[PDB]
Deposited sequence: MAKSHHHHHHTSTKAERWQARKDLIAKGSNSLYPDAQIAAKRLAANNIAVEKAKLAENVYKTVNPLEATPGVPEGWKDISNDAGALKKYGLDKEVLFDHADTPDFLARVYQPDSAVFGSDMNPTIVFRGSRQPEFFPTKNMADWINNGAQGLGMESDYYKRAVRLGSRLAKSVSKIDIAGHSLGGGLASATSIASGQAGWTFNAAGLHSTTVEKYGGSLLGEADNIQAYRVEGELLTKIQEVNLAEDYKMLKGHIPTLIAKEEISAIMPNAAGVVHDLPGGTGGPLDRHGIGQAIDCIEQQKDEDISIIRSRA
């Protein structure tokens, strides 16, 4: 059999409230962390979904239940000062790409916020060492083109600082680095997962937009994962360490392990709340 996401969301809410109304300190602490991880794992599933975008002008398949991709709905995007064009780079295949998702009020009520989610490149490259048998790379080099995903991410941050509607930022890996830039620049709350940190040259380049703050970024990371295991700054925000990873640093970097590890922690806090019934 099955169950609707709305029923499951409500049941989790009820379980959280049981812990938060408990007389036992450990149930109360567990309820707070469970409430945070309930939100975080939704952001993490969106951060996983952005890797599935192929044609950015088309639907992204597999959008997590209770969410809708509005990346091609200009009428919905303009609520946040966004349009379709600013969501990805256009010179070449879009390694830098954002998707914007709106939560279903029938599922989450008012508990969830719209979220813009970033994907970065799978293999960062210093531009002069790219394969120049690829004509677009040849052309970008010969035309003196600037190569900087952080410029478009900071630009989105400047815009989202003006949004009258709340919108959260999220990303995994290099997309979590981009997400943290957009979050610091905009003031919006951010969620990152095994994220890259912000290099000093990047922070300097974009000045006060990348300065301070970070208090409203939740930087989730699988213990043992590649990036923290490593001029490599720490991910910005409040660190949320996650035990329960498997394999080596490369395996633990994957967004699937981040999602699984958050679910492991939820199970753990649920068991604590249930133990005080």
Practice item. Return the ranges of the deposited sequence not covered by C-alpha coordinates, sorted by sequence position. Key: 1-9, 240-266
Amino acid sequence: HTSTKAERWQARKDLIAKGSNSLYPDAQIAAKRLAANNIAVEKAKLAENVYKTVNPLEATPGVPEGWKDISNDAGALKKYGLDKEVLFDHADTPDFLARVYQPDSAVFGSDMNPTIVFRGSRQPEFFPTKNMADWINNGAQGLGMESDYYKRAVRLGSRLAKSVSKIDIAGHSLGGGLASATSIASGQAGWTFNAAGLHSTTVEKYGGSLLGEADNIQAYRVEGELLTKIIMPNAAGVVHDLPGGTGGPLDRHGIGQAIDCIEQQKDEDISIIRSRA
From here on, numbers count along this sequence of modelled residues.
Review point. So 6-14 or 19-27, which one's hotter by mean CA B-factor in the entry?
Key: 19-27
Practice item. Select between 44-52 and 204-212 the stretch whose C-alpha atoms have the higher average B-factor in the entry. Key: 204-212
Review point. Taking the values straight from the PDB record, which of 168, 95, 73, 85 has the highest C-alpha temperature factor?
Key: 95
Check your understanding: Out of 174, 117, 198, 154, which residue has the highest Cα temperature factor in the PDB record?
Key -> 198
Exercise for review: Please rank the C-alpha B-factors of the chain's modelled residues and tell me whether residue 129 sits in the lowest, middle or highest third.
Suggested key: highest
**Study point:** Third of the chain, ranked by Cα B-factor, where residue 122 sits
**Key:** highest
Exercise for review: Please place residue 103 in the lowest, middle or highest third of its chain by C-alpha B factor as given in the entry.
Suggested key: lowest
Practice item. Give the position of residue 188 by CA B-factor within its chain, expressed as the lowest, middle or highest third. Key: lowest
Check your understanding: Going by the entry, which third of its chain does the Cα temperature factor of residue 217 land in?
Key -> lowest
